[PDB]
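Okay, so here's the structure we're looking at.
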Amino acid sequence: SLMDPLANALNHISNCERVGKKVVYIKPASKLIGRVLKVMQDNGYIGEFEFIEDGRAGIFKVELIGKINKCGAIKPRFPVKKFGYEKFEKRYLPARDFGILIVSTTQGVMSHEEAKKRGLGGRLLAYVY
RNA sequence: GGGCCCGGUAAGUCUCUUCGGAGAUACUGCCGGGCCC
């Protein structure tokens, strides 16, 4: 069985970043994945990225910039309250002071830091440091 | 068998609460469609 779309996207990025590649093409291109990439971008973890129409689910061309040390999907997508992030930050960001949790809120996908800044709880979907 | 999208829902979930419920709707689920492999 194939790995879920988002997990898959984060795995490829992770590795092509490690190997030093300057680009990666992510196959399944869901709105969710795009939304997650937007967060990683706004946080300086990846460069430009674009949707490439292919008649299927689409494709994401992501510009890597050697800013990622590791990233992946969080499974299951744990629910988190407005003040329950710390517990998760210790669990997925091995490095204190570095990284973000990407959470899905009723107001959209964003970093846990913006979710807190807004008093929103949500679903954990990934980590990046 | 797998995946993408649209509309609906609001069980899970999040927020608030007079703690009865109310509001929200991204994710999961559910209903109805479109489509790709």
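First the proteins, then the strands, lettered A, B, ... as listed; each starts at 1.
Listed pair A/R77 / B/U13 fails the phosphate criterion, with no side-chain N or O lying under 4.0 Å from OP1 or OP2.
Distance A/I52 CD1 to B/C4 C1': 16 Å, rounded to the nearest Å.
Checking B/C5, B/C27, B/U13 against the side-chain heavy atoms of A/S104 singles out B/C27 as nearest. The side chain of A/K82 lies closest to B/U15, out of B/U15, B/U25, B/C4. For A/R56, counting side-chain heavy atoms from C-beta on, the closest listed nucleotide (B/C36, B/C5, B/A24) is B/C36. When distances run from any side-chain atom of A/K31 to the nucleotides B/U13, B/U25, B/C5, the shortest one goes to B/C5. Considering only side-chain atoms of A/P5, the nucleotide from B/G3, B/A26, B/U15 that sits closest is B/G3. Side chain of A/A57, nearest nucleotide from B/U15, B/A24, B/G3: B/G3. Listed nucleotides: B/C4, B/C27, B/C14. Nearest to the side chain of A/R123: B/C27.
Aromatic ring orientation, A/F60 versus A/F51: perpendicular (interplanar angle above 60°, classes split at 30° and 60°).
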- [ ] Determine which bases of RNA chain B form Watson-Crick or G-U wobble pairs with both distances under 3.5 Å, and write the result as a 5' to 3' dot-bracket string with | for other-strand partners.
- [x] (((((((((.((((((....))))..)))))))))))
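A/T106 comes within 4.0 angstrom of a base, heavy atoms only. Among the atoms of the strands shown, none is found under 4.0 Å from any heavy atom of A/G58. Looking at heavy-atom distances under 4.0 Å, A/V80 makes contact with sugar-phosphate atoms alone, never a base. Among the heavy atoms of the strands lying under 4.0 Å from A/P79 are primed sugar atoms or P, OP1, OP2 only; no base atom is included.
Remark: the separation of the P atoms in B/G3 and B/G21 is 36 Å, to the nearest Å. Atom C1' of B/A26 sits at a distance of 15 Å from the matching atom of B/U9, rounded to the whole Å. Using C1' as the reference atom, B/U25 and B/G1 are 30 Å apart when rounded to the nearest Å.
With its glycosidic angle within 90° of 0, B/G20 is assigned syn.
Note on A/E114 versus A/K117: no salt bridge recorded, every NZ/NE/NH1/NH2 to OD/OE distance being 4.0 Å or above. A salt bridge is absent between A/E17 and A/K21; no separation between the charged side-chain nitrogens and carboxylate oxygens falls under 4.0 Å. Ion pairing between A/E89 and A/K116 holds under the 4.0 Å rule for side-chain N and carboxylate O.
If you run side chain to side chain contact (heavy atoms under 4.5 Å, CB included) between A/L37 and each of A/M40, A/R35, A/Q41, only A/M40 comes through.
Heavy atoms from other residues, nucleotides or ligands lying under 6.0 Å from CD of A/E86 number 12 at most.
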